[PDB]
$ cat work22.cif   # mmCIF, C-alpha atoms and all ligand atoms
data_structure
#
loop_
_atom_site.label_atom_id
_atom_site.label_comp_id
_atom_site.auth_asym_id
_atom_site.auth_seq_id
_atom_site.Cartn_x
_atom_site.Cartn_y
_atom_site.Cartn_z
CA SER A 5 0.00 0.00 0.00
CA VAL A 6 2.40 2.63 -1.30
CA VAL A 7 2.08 6.09 -2.89
CA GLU A 8 4.29 8.22 -5.15
CA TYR A 9 4.93 11.88 -4.68
CA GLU A 10 6.95 14.59 -6.40
CA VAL A 11 9.11 17.41 -4.93
CA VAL A 12 11.29 19.92 -6.81
CA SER A 13 15.08 19.73 -6.65
CA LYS A 14 16.89 22.01 -9.05
CA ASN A 15 19.81 24.34 -8.91
CA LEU A 16 19.89 26.53 -12.01
CA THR A 17 22.15 29.47 -12.98
CA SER A 18 19.43 31.94 -11.91
CA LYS A 19 17.34 30.13 -9.19
CA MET A 20 17.25 27.10 -6.91
CA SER A 21 14.27 25.14 -5.67
CA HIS A 22 15.18 22.48 -3.07
CA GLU A 23 12.49 20.44 -1.35
CA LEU A 24 13.09 17.30 0.65
CA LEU A 25 10.85 14.97 2.62
CA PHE A 26 11.51 14.25 6.27
CA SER A 27 9.83 11.16 7.84
CA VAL A 28 7.86 11.90 11.06
CA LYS A 29 8.20 8.29 12.15
CA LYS A 30 11.89 7.61 11.36
CA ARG A 31 12.88 11.09 12.63
CA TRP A 32 15.23 11.58 9.66
CA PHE A 33 15.02 12.32 5.94
CA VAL A 34 13.54 9.93 3.39
CA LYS A 35 15.50 8.10 0.68
CA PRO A 36 14.03 9.05 -2.73
CA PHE A 37 13.53 6.05 -5.00
CA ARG A 38 14.48 8.08 -8.11
CA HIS A 39 16.39 11.30 -8.76
CA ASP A 40 15.40 13.15 -11.99
CA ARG A 41 18.04 15.59 -13.31
CA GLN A 42 16.65 16.29 -16.77
CA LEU A 43 13.75 18.19 -15.12
CA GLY A 44 14.95 18.87 -11.53
CA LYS A 45 12.70 16.53 -9.55
CA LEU A 46 12.94 13.85 -6.92
CA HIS A 47 10.51 11.00 -6.55
CA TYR A 48 9.44 9.40 -3.34
CA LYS A 49 7.56 6.16 -2.64
CA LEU A 50 5.86 6.82 0.68
CA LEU A 51 4.23 4.50 3.17
CA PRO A 52 0.95 5.69 4.77
CA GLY A 53 1.93 8.06 7.58
CA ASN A 54 2.96 11.66 8.07
CA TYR A 55 6.09 13.30 6.70
CA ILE A 56 7.22 16.93 6.43
CA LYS A 57 8.40 18.76 3.34
CA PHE A 58 11.11 21.37 3.97
CA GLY A 59 11.36 23.90 1.10
CA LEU A 60 14.09 26.36 0.16
CA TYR A 61 13.45 28.64 -2.78
CA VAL A 62 16.24 30.94 -3.70
CA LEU A 63 16.56 33.83 -6.08
CA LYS A 64 20.33 34.14 -6.18
CA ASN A 65 20.78 37.56 -7.81
CA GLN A 66 18.12 39.20 -5.59
CA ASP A 67 19.86 37.66 -2.50
CA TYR A 68 16.46 36.08 -1.86
CA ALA A 69 15.61 32.95 0.15
CA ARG A 70 12.24 31.71 1.30
CA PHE A 71 11.98 28.73 3.60
CA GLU A 72 8.77 26.77 4.03
CA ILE A 73 7.59 23.89 6.11
CA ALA A 74 4.59 21.95 4.84
CA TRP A 75 2.81 19.03 6.38
CA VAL A 76 2.28 16.04 4.19
CA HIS A 77 -0.60 13.73 5.07
CA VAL A 78 -1.02 10.35 3.41
CA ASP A 79 -4.05 8.20 4.32
CA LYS A 80 -5.08 4.69 3.31
CA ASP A 81 -6.74 5.25 -0.07
CA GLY A 82 -3.36 6.59 -1.15
CA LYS A 83 -4.77 10.10 -0.93
CA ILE A 84 -2.57 13.17 -0.36
CA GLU A 85 -3.27 16.54 1.28
CA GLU A 86 -0.83 19.45 1.98
CA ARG A 87 -0.77 22.62 4.10
CA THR A 88 2.06 24.98 4.80
CA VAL A 89 2.62 25.32 8.55
CA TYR A 90 5.47 27.87 8.34
CA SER A 91 6.98 30.14 5.71
CA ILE A 92 9.73 32.83 6.04
CA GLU A 93 11.52 35.19 3.65
CA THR A 94 15.09 36.30 4.08
CA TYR A 95 18.39 37.01 2.37
CA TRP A 96 20.20 33.96 0.94
CA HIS A 97 23.71 34.80 2.23
CA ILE A 98 22.19 34.56 5.72
CA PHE A 99 20.60 31.22 4.94
CA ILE A 100 23.83 29.72 3.58
CA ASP A 101 25.70 30.91 6.69
CA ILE A 102 23.24 28.94 8.88
CA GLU A 103 25.18 25.79 7.90
CA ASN A 104 28.16 27.06 9.89
CA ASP A 105 26.07 28.09 12.91
CA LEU A 106 27.60 25.94 15.60
CA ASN A 107 24.54 25.88 17.91
CA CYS A 108 21.46 25.71 15.75
CA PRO A 109 18.91 23.01 14.89
CA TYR A 110 20.71 20.09 13.32
CA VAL A 111 18.08 18.93 10.76
CA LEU A 112 18.02 22.59 9.62
CA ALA A 113 21.78 22.61 9.44
CA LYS A 114 21.60 19.25 7.57
CA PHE A 115 18.87 20.45 5.18
CA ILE A 116 20.67 23.54 3.90
CA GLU A 117 23.79 21.45 3.54
CA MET A 118 21.98 18.87 1.38
CA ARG A 119 20.94 21.53 -1.25
CA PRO A 120 21.41 20.26 -4.86
CA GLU A 121 24.64 20.79 -6.88
CA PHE A 122 24.49 22.77 -10.15
CA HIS A 123 22.03 21.47 -12.79
CA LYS A 124 21.25 18.58 -10.49
CA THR A 125 19.03 17.03 -7.89
CA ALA A 126 20.07 16.54 -4.29
CA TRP A 127 20.03 13.05 -2.83
CA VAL A 128 19.36 11.42 0.53
CA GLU A 129 21.77 8.92 2.15
CA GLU A 130 20.66 5.48 3.33
CA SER A 131 20.77 6.62 6.97
CA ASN A 132 19.77 4.81 10.16
CA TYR A 133 20.31 7.86 12.40
CA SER A 134 17.43 9.70 14.16
CA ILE A 135 17.21 12.89 16.10
CA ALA A 136 16.18 13.11 19.74
CA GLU A 137 13.27 15.52 19.07
CA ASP A 138 9.80 14.66 17.68
CA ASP A 139 8.05 16.38 14.81
CA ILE A 140 6.54 19.14 17.03
CA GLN A 141 9.67 20.10 19.02
CA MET A 142 11.68 19.89 15.83
CA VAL A 143 9.60 22.36 13.91
CA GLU A 144 9.37 24.69 16.95
CA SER A 145 13.11 24.79 17.60
CA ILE A 146 13.61 25.56 13.89
CA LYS A 147 10.97 28.31 14.07
CA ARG A 148 12.33 29.56 17.41
CA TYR A 149 15.82 29.55 15.87
CA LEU A 150 15.30 31.48 12.68
CA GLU A 151 13.19 33.98 14.61
CA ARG A 152 16.25 35.00 16.72
CA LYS A 153 18.58 34.67 13.69
CA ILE A 154 16.24 37.22 12.04
NI NI A 201 -6.03 10.91 7.54
NI NI A 202 4.64 27.39 16.33
#
$ encode --input "work22.cif" --output "structure tokens"
Amino acid sequence: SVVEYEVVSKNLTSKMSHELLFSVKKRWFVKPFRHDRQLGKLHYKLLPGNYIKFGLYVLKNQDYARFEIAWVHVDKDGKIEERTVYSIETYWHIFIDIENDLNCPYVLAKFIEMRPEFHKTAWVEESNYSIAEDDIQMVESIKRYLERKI
């Protein structure tokens, strides 16, 4: 009882759109079944449950970065419903520097760091690691963090 879903992963000369799915249950990012470079898209095969889609849209030359957090809900009929639960606009040079922020949410640090290379998709490692926090605390800490950073 599986379902397929599509996020955008592309780093172009002018802009970058980087979305990745984080599993609520496994408390770490999801391995995509297929990375599509020709069109800048990843492909996931998701089991019924909840996951979270982090999004990072960047207009390089306008120093612009927006970061979104959306909640992805997959029920039994294989049906899919989405709602943004957070969205924030800010300069990109700030965003990129968040990687180096010693004390700052890890998954956020990880996310930014997994952005896709030029003309390519990103890709998720076969990891077994999980983070201490649960979906709620995780999102809050992230929110709470960027707030101060901004
Ligand atoms: Ni439901
Ligand atoms: Ni909140």
$ closest_atom_pairs --input "work22.cif" --of "chain A" --to "ligand NI 202 (chain A)" --cutoff "9 Å" --atoms "all atoms listed in the file" --output "CSV"
residue,atom,partner,partner_atom,distance
A:89,CA,A:NI202,NI,8.3
A:90,CA,A:NI202,NI,8.0
A:140,CA,A:NI202,NI,8.5
A:143,CA,A:NI202,NI,7.5
A:144,CA,A:NI202,NI,5.5
A:145,CA,A:NI202,NI,9.0
A:147,CA,A:NI202,NI,6.8
A:148,CA,A:NI202,NI,8.1
$ write_last_selection --input "work22.cif" --atoms "C-alpha atoms" --output "PDB file, in the coordinates of the input"
ATOM      1  CA  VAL A  89       2.620  25.320   8.550  1.00  0.00           C
ATOM      2  CA  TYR A  90       5.470  27.870   8.340  1.00  0.00           C
ATOM      3  CA  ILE A 140       6.540  19.140  17.030  1.00  0.00           C
ATOM      4  CA  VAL A 143       9.600  22.360  13.910  1.00  0.00           C
ATOM      5  CA  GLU A 144       9.370  24.690  16.950  1.00  0.00           C
ATOM      6  CA  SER A 145      13.110  24.790  17.600  1.00  0.00           C
ATOM      7  CA  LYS A 147      10.970  28.310  14.070  1.00  0.00           C
ATOM      8  CA  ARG A 148      12.330  29.560  17.410  1.00  0.00           C
TER       9      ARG A 148
END
$ residues_around --input "work22.cif" --residues "range 119-132 of chain A" --least-positions-apart "5" --cutoff "12 Å" --atoms "all atoms listed in the file" --output "JSON, numbers by chain"
{"A": [11, 12, 13, 14, 15, 16, 17, 18, 19, 20, 21, 22, 23, 24, 25, 26, 27, 30, 31, 32, 33, 34, 35, 36, 37, 38, 39, 40, 41, 42, 43, 44, 45, 46, 47, 48, 58, 59, 60, 61, 62, 99, 100, 103, 112, 113, 114]}
$ atom_distance --input "work22.cif" --atom1 "CA of residue 80 in chain A" --atom2 "CA of residue 133 in chain A"
27.2 Å
$ residues_near_ligand --input "work22.cif" --ligand "ligand NI 201 (chain A)" --cutoff "8 Å" --atoms "only C-alpha atoms and all ligand atoms" --output "count of residues only"
4
$ atom_distance --input "work22.cif" --atom1 "CA of residue 54 in chain A" --atom2 "CA of residue 153 in chain A"
28.4 Å
$ atom_distance --input "work22.cif" --atom1 "CA of residue 97 in chain A" --atom2 "CA of residue 109 in chain A"
18.0 Å
$ closest_residue --input "work22.cif" --among "A:29, A:64, A:84, A:118" --to "residue 137 in chain A" --atoms "all atoms listed in the file"
A:29
$ closest_residue --input "work22.cif" --among "A:152, A:139, A:76, A:146" --to "residue 88 in chain A" --atoms "only C-alpha atoms"
A:76
$ axis_aligned_box --input "work22.cif" --around "range 45-55 of chain A" --padding-each-side "4 Å" --output "lines of an AutoDock Vina configuration file"
center_x = 6.9
center_y = 10.5
center_z = -0.7
size_x = 20.0
size_y = 20.0
size_z = 25.6
$ closest_residue --input "work22.cif" --among "A:93, A:10, A:105, A:138" --to "residue 68 in chain A" --atoms "only C-alpha atoms"
A:93
$ residues_around --input "work22.cif" --residues "residue 50 in chain A" --least-positions-apart "2" --cutoff "8 Å" --atoms "all atoms listed in the file" --output "VMD selection string"
chain A and resid 6 to 9 48 52
$ closest_residue --input "work22.cif" --among "A:51, A:96, A:134, A:106" --to "residue 63 in chain A" --atoms "all atoms listed in the file"
A:96
$ residues_around --input "work22.cif" --residues "residue 91 in chain A" --least-positions-apart "6" --cutoff "8 Å" --atoms "only C-alpha atoms" --output "VMD selection string"
chain A and resid 70 to 73
$ closest_residue --input "work22.cif" --among "A:104, A:94, A:55, A:135" --to "residue 75 in chain A" --atoms "only C-alpha atoms"
A:55
